[PDB]
There are 4 protein chains.
Amino acid sequence: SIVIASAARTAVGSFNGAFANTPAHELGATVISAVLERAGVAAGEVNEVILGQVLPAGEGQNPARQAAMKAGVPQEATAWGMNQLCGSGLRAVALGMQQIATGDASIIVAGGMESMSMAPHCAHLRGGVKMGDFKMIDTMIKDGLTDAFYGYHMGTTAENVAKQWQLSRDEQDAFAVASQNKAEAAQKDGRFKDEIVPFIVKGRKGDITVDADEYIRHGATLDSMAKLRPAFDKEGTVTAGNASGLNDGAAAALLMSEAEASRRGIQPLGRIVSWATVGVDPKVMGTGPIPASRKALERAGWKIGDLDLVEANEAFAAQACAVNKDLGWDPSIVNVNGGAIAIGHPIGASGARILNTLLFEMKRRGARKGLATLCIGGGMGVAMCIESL
Amino acid sequence: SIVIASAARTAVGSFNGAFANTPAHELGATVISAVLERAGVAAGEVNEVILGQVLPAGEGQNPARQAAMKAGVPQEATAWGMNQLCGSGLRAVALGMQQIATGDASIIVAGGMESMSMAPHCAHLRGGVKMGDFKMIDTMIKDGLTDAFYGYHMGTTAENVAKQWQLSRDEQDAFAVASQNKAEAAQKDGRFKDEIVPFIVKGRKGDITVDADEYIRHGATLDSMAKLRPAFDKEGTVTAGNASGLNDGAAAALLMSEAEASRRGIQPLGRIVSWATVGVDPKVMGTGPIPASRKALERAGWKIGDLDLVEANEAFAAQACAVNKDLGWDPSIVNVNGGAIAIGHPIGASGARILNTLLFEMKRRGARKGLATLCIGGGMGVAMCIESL
Amino acid sequence: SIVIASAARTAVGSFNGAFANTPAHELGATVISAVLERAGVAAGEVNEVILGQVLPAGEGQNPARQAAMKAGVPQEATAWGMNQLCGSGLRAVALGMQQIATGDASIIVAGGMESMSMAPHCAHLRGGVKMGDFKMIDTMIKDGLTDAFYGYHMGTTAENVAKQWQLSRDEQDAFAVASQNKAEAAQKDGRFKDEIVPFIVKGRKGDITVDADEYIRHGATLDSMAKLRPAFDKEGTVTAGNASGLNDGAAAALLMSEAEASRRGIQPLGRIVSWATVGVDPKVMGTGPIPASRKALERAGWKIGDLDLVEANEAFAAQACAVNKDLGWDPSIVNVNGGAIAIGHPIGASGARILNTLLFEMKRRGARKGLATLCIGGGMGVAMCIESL
Amino acid sequence: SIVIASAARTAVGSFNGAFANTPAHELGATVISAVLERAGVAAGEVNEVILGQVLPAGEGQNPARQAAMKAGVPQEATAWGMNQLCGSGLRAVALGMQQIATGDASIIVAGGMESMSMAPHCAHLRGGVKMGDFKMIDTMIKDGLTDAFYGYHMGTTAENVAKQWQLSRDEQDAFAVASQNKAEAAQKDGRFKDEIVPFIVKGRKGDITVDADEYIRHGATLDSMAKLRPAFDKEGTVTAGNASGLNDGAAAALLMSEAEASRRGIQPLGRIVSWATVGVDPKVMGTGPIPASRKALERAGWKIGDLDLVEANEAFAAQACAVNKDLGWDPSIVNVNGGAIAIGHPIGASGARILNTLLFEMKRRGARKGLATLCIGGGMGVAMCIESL
Ligand SMILES: CC(C)(COP(=O)(O)OP(=O)(O)OC[C@H]1O[C@@H](n2cnc3c(N)ncnc32)[C@H](O)[C@@H]1OP(=O)(O)O)[C@@H](O)C(=O)NCCC(=O)NCCS
Ligand SMILES: CC(C)(COP(=O)(O)OP(=O)(O)OC[C@H]1O[C@@H](n2cnc3c(N)ncnc32)[C@H](O)[C@@H]1OP(=O)(O)O)[C@@H](O)C(=O)NCCC(=O)NCCS
Ligand SMILES: CC(C)(COP(=O)(O)OP(=O)(O)OC[C@H]1O[C@@H](n2cnc3c(N)ncnc32)[C@H](O)[C@@H]1OP(=O)(O)O)[C@@H](O)C(=O)NCCC(=O)NCCS
Ligand SMILES: CC(C)(COP(=O)(O)OP(=O)(O)OC[C@H]1O[C@@H](n2cnc3c(N)ncnc32)[C@H](O)[C@@H]1OP(=O)(O)O)[C@@H](O)C(=O)NCCC(=O)NCCS
């Protein structure tokens with residue numbers, strides 16, 4: 001019944017890098033337009049825009065709506081943002097599918113968007129500070145990467161999972177290197193080109209078109225990897241090298257009923273067969289995808305074995321290993337072109353980013369059944385099953 | 001099909017008043033447990049918590065999850081925040097309804113929370129400021145009350161509607177006084193008591209139980225109203241007395257299929273017959289409710305005259321009069337117990353706040369059909385039709 | 001040789017009290033004009049204005065010149081601030097006297113000024129914060145009250161003194177309550193009137209004339225002093241009751257040669273007979289007045305027993321008790337009208353504020369020889385000897 | 001009677017340059033140690049350290065003492081900062097001289113220090129900001145470079161001087177470029193080595209020794225200077241090319257009586273014969289060196305024509321040309337090694353920076369009579385005459 005007509009994501013920017021001063025909605029605008037052009041659908045025909053975005057402090061009222069207008073979706077349409085942290089990008093798409101499934105909408109653009117670079121520092125100062133220093137809080141750290149119940153960073157959560165699953169430093173380092181190697185391979189081979197819509201960084205002293213994921217590291221070594229110090233646990237195992245990065249970007253999908261696509265001449269990228277969200281203990285939030293993936297499969301009537309391709313977000317090597325290990329899916333069909341450790345992890349947009357990767361990879365290799373999953377801070381997982389047409 | 005088993009809202013506090021240092025997720029927690037308690041449903045049976053909240057900057061990862069966990073909802077359920085500005089609160093209920101309608105969940109707690117008081121000041125400072133002064137931005141104003149397209153305040157958008165609908169000062173002032181008198185009248189007769197769930201302001205030198213809307217003004221006079229100066233247009237017509245306030249508050253609804261409610265021996269507050277969202281010109285966003293209400297009515301198969309009760313959000317006197325003027329519904333059945341001008345307007349929670357009043361008034365006066373509607377910044381409207389059982 | 005022709009001070013304001021929003025140079029301006037007027041000296045005759053000031057951040061270019069200009073001092077004269085912390089206001093008078101002694105000026109207005117209440121919060125942001133929270137530093141605490149060598153407050157230096165000299169809590173509390181009772185008695189008998197020049201806080205909704213020290217507590221009790229908790233060492237002895245306060249004010253003197261006072265028929269408040277400044281260990285900075293007063297007396301050719309009156313600043317009861325114990329001067333001739341624990345401590349102005357208190361009490365009771373001394377953060381003392389004529 | 005036994009300065013850093021994160025007091029300690037070492041004078045013989053500094057906000061209690069303590073000056077000595085804006089570095093040396101002249105000290109270290117790069121942004125937040133955006137004030141701009149009476153930059157006072165003296169854009173650029181070429185040539189020839197003491201910028205990933213004035217531009221061209229846009233008056237004449245820069249550095253002199261230097265066998269850098277400080281109209285502050293230099297010469301009993309070398313600070317080429325036009329001294333003996341447009345202008349230290357330049361050049365060419373003079377914000381000048389021994 002509901003299909004993904006088309007899809008597009010911007011390249012993934014490094015932190016304070018290519019998109020350093022670009023407001024997320026800008027990145028979103030371009031993705032909204034791309035999905036529209038790629039399916040031959042006019043912005044005028046868009047009923048609603050849903051955009052997962054975790055850190056919009058100071059970007060003004062509802063960046064989703066600013067993105068939609070910037071891209072030309074008429075003012076008669078609607079737009080909103082939502083936040084299930086890292087599952088935000090994928091959850092948006094589910095939510096948008098529900099919009100058409102309940103008959104409240106016909107065509108929706110959904111995904112996520114995030115400028116981690118542009119997230120401001122803040123302080124509650126209405127009462128006034130009579131005396132003494134006060135903290136200016138980094139909303140990126142506090143609102144997107146800190147567990148709100150234990151007060152520690154996501155990396156600590158990953159350390160909890162490493163210990164629990166007995167995942168050594170070498171084994172998390174081995175996984176990251178492979179991730180970099182696969183992503184680099186993919187990039188050289190033109191594998192990210194279909195899904196990427198080039199973004200124009202509007203300059204003054206010149207415009208700069210970005211069309212390549214700049215965080216991927218070329219020639220990543222195991223030696224350099226092994227020399228890094230633990231980033232969260234002083235005598236820990238998680239490093240800057242075996243953990244995803246801080247990044248900016250946007251990604252989305254054009255959804256509509258299979259019938260509608262059919263009436264249009266559009267050849268969909270896939271049919272949303274099912275999706276699932278489930279909670280877990282915040283301390284081991286990286287285990288989130290296990291239950292969520294299984295739930296989604298259950299709802300689709302699929303067996304783990306039925307999958308031809310998987311995209312399981314790499315928040316941290318230790319959680320990614322745990323997930324694969326538990327689920328037992330064939331490593332070889334997971335993150336075929338690299339994962340977040342290489343490509344980057346723009347919080348609110350990462351679920352839509354990985355959906356794009358999955359979707360263009362299923363088309364190119366002809367795979368039939370695919371699944372995208374992500375772990376979520378606070379103890380949750382989100383998964384989506386897709387079947388090609 | 002989908003019914004609101006129960007509901008509850010906190011009292012609405014004034015700006016920097018009783019809830020001044022209360023983070024929105026603490027009020028959220030209170031309301032979520034009330035709804036459970038009220039329906040006789042254990043925390044453990046909740047599948048998901050959906051909370052609209054426009055100003056979470058500084059509160060930490062996904063405040064919706066923090067509310068859930070604090071209220072006893074196990075780590076297995078899931079939670080997420082969403083923003084559709086003042087439409088958030090109501091929109092969330094519709095989204096939860098859809099969670100059930102598509103068989104993705106059985107029981108959902110939905111509504112909104114907001115702490116305007118706790119909204120921080122911010123500035124983007126990763127790039128550094130090499131030389132010169134910079135502005136510390138009030139996130140409540142930028143991210144909550146400032147049009148992102150014209151850069152002006154919602155107040156000005158109200159002025160645009162005033163001029164366009166030729167709504168004099170005296171006319172808006174009249175409207176304001178009435179909502180105060182009506183909000184004061186209802187508070188005096190205990191009309192808000194079923195909906196309110198007392199909130200314990202955890203103190204040090206004393207704990208304070210808040211159970212009354214502190215923002216309503218007793219004995220509002222027209223003379224005092226007419227002596228106030230325009231707050232947005234220097235030679236304008238909108239003032240602080242005929243505009244909504246800056247407030248704190250949380251409100252939520254417990255949703256489940258009608259059959260499920262019957263399986264549990266619950267007497268529902270009503271069934272959600274339809275809902276709708278439509279966009280309009282951002283300049284006159286106050287008109288929001290006209291197109292959305294009509295749509296909602298159309299989808300429910302109801303006529304304007306079928307409505308027994310109506311709750312149409314009092315963002316500004318100007319917009320409220322324009323809404324009622326155009327729709328034509330009998331004034332006496334609209335905001336019978338006062339509106340946001342007197343009660344308050346905790347942006348992300350308001351849509352669920354006005355559903356609570358609609359819901360408990362419909363039960364108390366035995367009205368069968370009702371409609372809640374709000375105007376949304378950026379030019380949008382949200383509407384929902386509820387029928388008692 | 002060099003005399004003090006006249007002097008004046010403003011009443012000392014409470015933290016965030018009467019002068020909460022009054023920049024220091026405005027207080028300074030009134031005291032430069034009272035001094036001129038009190039001596040029969042016109043502003044066109046001033047050569048230079050010298051003002052101690054420790055916390056001028058955010059006030060603009062050289063506030064000493066802003067105060068001199070506001071008082072009508074001609075643009076041909078010059079002005080400069082200096083900073084020897086609490087010894088500033090007194091040390092300015094000694095540097096003004098040297099301007100004259102070396103023949104480079106004939107008429108100087110010297111003293112201090114401080115708005116502790118207007119000191120801002122700051123942060124070094126030129127390089128930017130790539131990520132993580134940063135502190136907004138309270139310039140009053142950082143630049144005015146925190147030792148830069150040990151990182152702790154001036155109050156801890158007082159705890160070091162309390163321990164080393166074995167001053168109990170009881171004795172420190174007895175000292176602070178005699179301070180209060182003495183200042184209150186002098187206030188009620190009109191003893192502060194000659195020295196206070198009234199300050200007009202320019203309002204909008206009314207101008208307020210402040211001519212009374214508002215920090216002096218009336219009816220201070222030993223019981224209330226004794227129940228206060230230690231302010232700096234959780235199991236310390238220094239409290240808010242037995243410590244000076246954070247205050248605002250300005251004070252000054254008009255200086256010229258004795259021969260010049262004599263050509264003008266002026267009856268000077270005193271002859272500056274000597275002064276001195278010496279360092280001590282920062283950890284016990286509060287003992288500064290010992291060596292500085294001993295040095296000043298030696299330079300004057302005076303024994304301690306020759307003094308008729310003393311003003312030794314009350315930064316903290318502990319340190320004032322140690323100075324008194326060590327020096328051995330008759331306690332009934334020291335701070336006869338109360339001192340800083342009751343009157344307050346506007347850091348850069350205090351040295352001139354206690355010099356005003358000495359001069360007007362020496363003229364009142366006919367005391368021939370006096371001495372004013374103050375302890376200084378970072379381990380220093382300053383002291384000056386005055387003889388009447 | 002009072003001689004400068006030795007002197008030293010650090011190289012001048014570019015804004016956010018080599019000493020971007022080096023607090024002034026660390027630069028000042030290196031110069032205090034250098035004057036001592038240069039004269040055969042041990043740190044335990046020092047009575048007082050006097051350091052002009054206009055921007056100490058956020059550095060902690062009295063940076064002059066911090067500098068002194070860091071250099072090994074005993075805690076029994078004293079230290080203070082003072083501020084007469086750009087004349088501060090030179091005024092401190094006259095101020096040190098007066099301490100010996102009056103018998104209150106035997107050995108003084110005086111000069112100035114400044115980290116314009118380390119100057120913070122601030123806001124008065126004690127009273128609280130109920131709502132709205134507020135300004136984070138650049139203290140270097142506000143407290144160091146803006147006139148307090150007219151509210152405009154020091155550069156607009158340079159435009160006023162330009163119009164009034166009818167100094168064209170061409171004349172200003174030609175002086176600027178001659179400044180750069182003369183400093184490049186003295187740099188390359190090694191004439192700045194004697195005066196400069198190398199500064200070790202403590203690294204983490206390497207210590208860096210800074211011993212060269214980095215602001216100096218090599219190969220400055222008239223053409224690129226001519227193409228610059230006006231920086232303060234949109235259709236003005238003062239540009240970033242013909243104005244001084246924003247810089248970092250420290251500079252000092254070690255003083256003692258002539259008799260004392262003779263007892264020690266010290267061959268002093270010169271005898272302080274007179275100094276003067278005079279005010280002028282704040283709007284044409286750049287003219288202050290005129291009256292101050294004539295006054296200093298008159299106190300020395302010298303004619304302008306008796307001078308063999310002059311250092312006249314280059315706040316802006318417009319005022320520098322005005323000063324040279326009025327005084328009429330031979331331009332060939334003024335700033336023979338370039339000035340502040342090329343070397344840089346660390347406000348609090350500049351006075352001493354140009355006095356080291358003057359002294360070391362008088363020693364190398366055998367110049368007997370010299371003068372150092374600087375213009376001061378707020379309408380003032382300072383100047384000092386020096387005679388070789
Ligand atoms: C791990 C983390 C704290 C690193 O932050 P950081 O210390 O500022 O990171 P950096 O990139 O500066 O790491 C330091 C260095 O490691 C190097 N490095 C990183 N990956 C590397 C690799 N594969 N090989 C070699 N060097 C590598 C960087 O290049 C850098 O070099 P430098 O110090 O010379 O500049 C951060 O990326 C983070 O919080 N990431 C996301 C975690 C997260 O919770 N995401 C949400 C999902 S739950
Ligand atoms: C109108 C608005 C700008 C007022 O802000 P403010 O100036 O800080 O408000 P205040 O409460 O201080 O108003 C000042 C005065 O109005 C007075 N006032 C308010 N309502 C009054 C009434 N009905 N009768 C008499 N006086 C009244 C207050 O008592 C106060 O008197 P005071 O000077 O002694 O305090 C603000 O409420 C606002 O932006 N509101 C929200 C509107 C909005 O855009 N909502 C989003 C939905 S689209
Ligand atoms: C001591 C100090 C830290 C107190 O700061 P604070 O805690 O914010 O001060 P407060 O004024 O709130 O004192 C706390 C309370 O003690 C009470 N108090 C103070 N003196 C009292 C007395 N004599 N009797 C009874 N109560 C008294 C105050 O009224 C207040 O009551 P509250 O809590 O009901 O408001 C501060 O004044 C200080 O740092 N002072 C000295 C500064 C210094 O070093 N200056 C330079 C010297 S080198
Ligand atoms: C004039 C002033 C505002 C310039 O600040 P800014 O605009 O940020 O300055 P910059 O140094 O970045 O701008 C100079 C620009 O012209 C260039 N420039 C400067 N001097 C040049 C020269 N001599 N030849 C060629 N180009 C030159 C700079 O390289 C820069 O080019 P860029 O932006 O491509 O990198 C600032 O240096 C100043 O306020 N100086 C004041 C000194 C003062 O008032 N001190 C107290 C004195 S009373």
Side-chain angles (χ1 to χ4, degrees), chain A residues 15 85-86 130-131 141 144-145 153-155 157-158 176-177 180 217 220-221 224-225 227-228 231-232 238-246 285-286 313 315-316 319 340-341 345 347 350 375-377, chain B residues 130-131, chain C residues 15 85-86 130-131 141 144-145 153-155 157-158 176-177 180 217 220-221 224-225 227-228 231-232 238-246 285-286 315-316 319 340-341 345 347 375-377, chain D residues 15 85-86 141 144-145 153-155 157-158 176-177 180 217 220-221 224-225 227-228 231-232 238-246 285-286 315-316 319 340-341 345 347 375-377:
Chain A
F15 188 44
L85 305 167
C86 311
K130 323 270 214 280
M131 156 176 102
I141 302 276
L145 306 175
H153 187 295
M154 292 301 85
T157 92
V177 180
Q180 296 290 352
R217 40 208 304 136
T221 91
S224 45
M225 195 57 73
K227 298 167 181 164
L228 304 161
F232 312 90
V238 177
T239 67
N242 64 24
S244 45
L246 301 179
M285 76 85 204
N313 198 59
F316 302 94
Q319 63 76 216
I341 300 159
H345 185 12
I347 316 182
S350 215
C375 81
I376 300 184
Chain B
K130 316 282 234 296
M131 181 178 62
Chain C
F15 201 44
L85 302 169
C86 301
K130 327 250 205 296
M131 68 259 103
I141 301 284
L145 314 175
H153 190 293
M154 288 302 97
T157 71
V177 182
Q180 294 291 356
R217 12 217 313 147
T221 69
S224 66
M225 186 68 68
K227 288 163 180 186
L228 288 174
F232 308 98
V238 171
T239 71
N242 69 32
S244 58
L246 305 171
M285 73 88 199
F316 294 92
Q319 68 61 233
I341 291 160
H345 198 6
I347 321 179
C375 78
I376 306 159
Chain D
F15 189 51
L85 299 184
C86 296
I141 295 281
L145 315 171
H153 197 283
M154 285 299 105
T157 74
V177 179
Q180 298 279 6
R217 24 223 297 157
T221 63
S224 69
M225 171 89 269
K227 223 290 210 143
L228 295 166
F232 304 96
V238 176
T239 75
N242 63 35
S244 49
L246 306 172
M285 70 86 201
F316 296 91
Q319 62 76 220
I341 300 176
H345 200 357
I347 59 191
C375 74
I376 310 167

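We use all heavy atoms of the structure for the numbers below, so side chains are in, but hydrogens, waters and symmetry mates are not. Numbered from 1 within each chain, the chains take letters A, B, ... in sequence-line order. Each ligand, and each atom within it, is numbered from 1 in the order the structure gives.
Using a 4.0 Å threshold on non-hydrogen atoms, atom 37 (O) of ligand 3 counts as touching the protein. For atom 24 (N) of ligand 3, the nearest protein heavy atom lies under 4.0 Å away. Protein heavy atoms come within 4.0 Å of atom 29 (O) of ligand 3. When distances from atom 12 (O) of ligand 3 to the protein are checked, no heavy atom turns up under 4.0 Å. Within a 4.0 Å radius of atom 32 (P) of ligand 3, the protein contributes no non-hydrogen atoms. Using a 4.0 Å threshold on non-hydrogen atoms, atom 15 (C) of ligand 3 does not count as touching the protein. In this structure, atom 40 (N) of ligand 3 is in close contact with the protein, since a protein heavy atom lies within 4.0 Å of it.
A:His345 and A:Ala340 get closest at one heavy-atom pair: CB-CB, 4.2 Å. Closest approach of A:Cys86 to A:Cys375, counting heavy atoms only: CB-O, 3.8 Å. Considering all non-hydrogen atoms of both residues, A:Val238 and A:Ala158 come closest at CG2-CB, 4.1 Å. Residue B:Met131 comes nearest to D:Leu246 through the heavy atom pair SD-CD1, 3.5 Å, listed as atom of the first residue, atom of the second, then distance. Across all their heavy atoms, D:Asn242 and D:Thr239 have their closest contact at OD1-N, 2.9 Å.
What sits closest to atom 47 (C) of ligand 1 on the protein, heavy atoms only, is A:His345 NE2, 3.4 Å. Of the protein's non-hydrogen atoms, the one nearest atom 20 (N) of ligand 3 is C:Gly241 CA, 3.5 Å. Among protein heavy atoms, atom 46 (C) of ligand 1 sits closest to A:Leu145 CD2, 3.3 Å. Looking at atom 8 (O) of ligand 1, its nearest protein heavy atom turns out to be C:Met131 SD, 3.9 Å. The protein non-hydrogen atom at the shortest distance from atom 19 (C) of ligand 1 is A:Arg217 NH1, 3.9 Å. Closest to atom 34 (O) of ligand 4 among all protein heavy atoms lies A:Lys205 NZ, 4.5 Å. Counting only heavy atoms of the protein, atom 2 (C) of ligand 1 lies nearest to A:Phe232 CZ, 4.2 Å. At the shortest separation from atom 5 (O) of ligand 1 among protein heavy atoms lies A:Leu246 CD1, 4.9 Å.
When each atom of ligand 4 is checked for a heavy atom of D:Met154 under 4.0 Å away, the hits are 44 (O), 48 (S). Every atom of ligand 1 is numbered from 1 in the order shown, and the set under 4.0 Å from a heavy atom of A:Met225 is 23 (N). Heavy-atom proximity to C:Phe316, at under 4.0 Å, picks out these atoms of ligand 3: 43 (C), 44 (O), 47 (C), 48 (S). Within ligand 4, counting atoms from 1 as listed, the ones closer than 4.0 Å to a heavy atom of D:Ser224 are 24 (N), 25 (C). Atoms of ligand 3 lying under 4.0 Å from at least one heavy atom of C:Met285, given by number and element, are 48 (S).
A:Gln319 places a side-chain N or O within 3.5 Å of a backbone atom of A:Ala315 that can act as its donor or acceptor partner. Put simply, the side chain of A:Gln180 gets close to the backbone of A:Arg217: a donor and an acceptor are under 3.5 Å apart.
In this pair, A:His153 and A:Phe232 present their aromatic rings tilted. The plane angle is within the 30 to 60° band.
Remark: among candidates A:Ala158, A:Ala240, A:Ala176, the nearest residue to atom 9 (O) of ligand 1 is A:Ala240, based on non-hydrogen atoms.
Heavy-atom distances between A:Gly245 and ligand 1 reach below 4.0 Å in at least one pair. For the pair D:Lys227 and ligand 4, no heavy-atom separation below 4.0 Å is found. Under the 4.0 angstrom criterion for non-hydrogen atoms, D:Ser244 is in contact with ligand 4.
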Derivation of the side-chain contact (heavy atoms from CB on, under 4.5 Å) call for C:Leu145 and C:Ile347:
CA-CA 9 Å; C:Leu145 314 175; C:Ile347 321 179; 4.1 Å; yes
Decide side-chain contact (heavy atoms from CB on, under 4.5 Å) for A:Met285 and A:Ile376; before the verdict, give the C-alpha distance in whole Å, the side-chain angles of both, and the deciding distance to 0.1 Å.
CA-CA 6 Å; A:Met285 76 85 204; A:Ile376 300 184; 5.9 Å; no
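By the criterion of a heavy-atom distance under 4.0 Å, the side chain of C:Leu228, and not its backbone, is placed next to ligand 3. If you look at D:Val177 next to ligand 4, there are no close heavy atoms at all, none under 4.0 Å.
To the nearest 0.5 Å, atoms OG1 (D:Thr221) and CE (D:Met225) are separated by 8.5 Å.
Taking only nitrogen or oxygen atoms, main chain and side chain alike, C:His153 reaches within less than 3.5 Å of ligand 3.
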